[PDB]
Structure formats: C-alpha cells, structure tokens
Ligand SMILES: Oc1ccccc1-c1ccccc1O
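Given as structure tokens, the chain that follows is alone and in the form solved without 2-(2-hydroxyphenyl)phenol.
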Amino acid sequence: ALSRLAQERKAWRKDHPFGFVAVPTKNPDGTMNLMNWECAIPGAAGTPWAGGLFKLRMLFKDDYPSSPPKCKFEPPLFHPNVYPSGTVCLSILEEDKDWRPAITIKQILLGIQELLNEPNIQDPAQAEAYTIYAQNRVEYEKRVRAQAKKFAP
C-alpha cells in the first residue's frame, strides 16, 4: 500500500485536476501518513455545487489497492448518496461490489465530483437530502447552493 500510495502522491504533486487537493496527513512519529489523506473536491462548474470546496478524508487499509479507500466528507455533506456520518456511498468504494485495484485516487476524486450533481435516487444513503430531492427539486437545489456558499474557500 505504501509503494502504491507514494507513487500516487508523487503523481498527484507533479499533476492533478485544478481546484482539487489531496495531501497525506502525519503519523505520531512524524513520518507521512500515506494511509490517511485530507482531500478537497471543488463543486463542478455549471452545477448548483459550484463555488464550494468540499473537504473529505480518504482512509486506506494495509491491503490497498486490493481494498477501496473509505471516503468521508468532513463535515458531513447534504447529498442523497452520502451517509449521515459523511461516508460517500459509491459502488466502486465497496470491495465486494465495483472496486478494482486499477482505480486510482485521481479517478475516485473525479468520480465523487461527478456524483455530486448525478445522485442515484434508487438507493439513497441519507433520509434528509433524498427527501428534499424527492419532494421539491427547487428546495433541493437551494439547499445545495446554500451548502456550496457555506463551504466556499
């Protein structure tokens, strides 16, 4: 996991999508904690999410990339497919489901950006955001814009 995570950190530093942030944290001994990254996803242009910089943590297990990272918005995000805890539910983020070791951190972050304006109402992760989306898309979009202004950098 460390060699792959260091390879992806090196790759991230040389080139990454504009507006995105992905940085390893520090271990209690001072070394870089490659298993825990503080990330940020900008809201996509031309969507109600624009202007916001949505912070999230990527937690990697010892066997990454055989296992997906756990992705969690901090603080919790209002989105039909983000659990109340902040954990992002994306099928590629489940080992037994669509995770593949060829998937990279850059692809995950780009995919979570896509998820922001493309929620899946068939299987929602939180009652709050989904209920608003289901009853009133005008109120749903206003709640999204208000949250984008709340998380503006």
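Counting begins at 1, following the sequence as shown.
Looking at mean Cα B-factors across 65-73 and 106-114, the upper value is held by 65-73. Mean CA temperature factor is higher for 86-94 when stretches 86-94 and 39-47 are set side by side in the entry. When the CA B factors of the chain's modelled residues are split into thirds, the value for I132 lands in the highest one.
Among all modelled residues in its chain, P119 ranks in the middle third by Cα B-factor. The deposited CA B-factor of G30 belongs to the highest third of values across its chain.
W12: CA B factor lies in the middle third for its chain, per the PDB record.
Absent from the display: the form solved in complex with 2-(2-hydroxyphenyl)phenol. The rest refers to it.
Proximity to 2-(2-hydroxyphenyl)phenol in the deposited complex, defined as a heavy atom within 4.5 Å, holds among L34, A40, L115, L93 only for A40.
None of the heavy atoms of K106 is located within 4.5 Å of 2-(2-hydroxyphenyl)phenol in the deposited complex.
In the deposited complex, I132 stays away from 2-(2-hydroxyphenyl)phenol, with no heavy atom inside 4.5 Å. Although the partner is absent here, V88 sits far enough away that none of its heavy atoms falls within 4.5 Å of 2-(2-hydroxyphenyl)phenol in the deposited complex. Between 122-130, 93-101, 107-115, 56-64, the stretch whose residues reach within 4.5 angstroms of 2-(2-hydroxyphenyl)phenol in the deposited complex through a non-hydrogen atom is 56-64. Residues from 72-96 that approach 2-(2-hydroxyphenyl)phenol in the deposited complex with a non-hydrogen atom within 4.5 Å are limited to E74.
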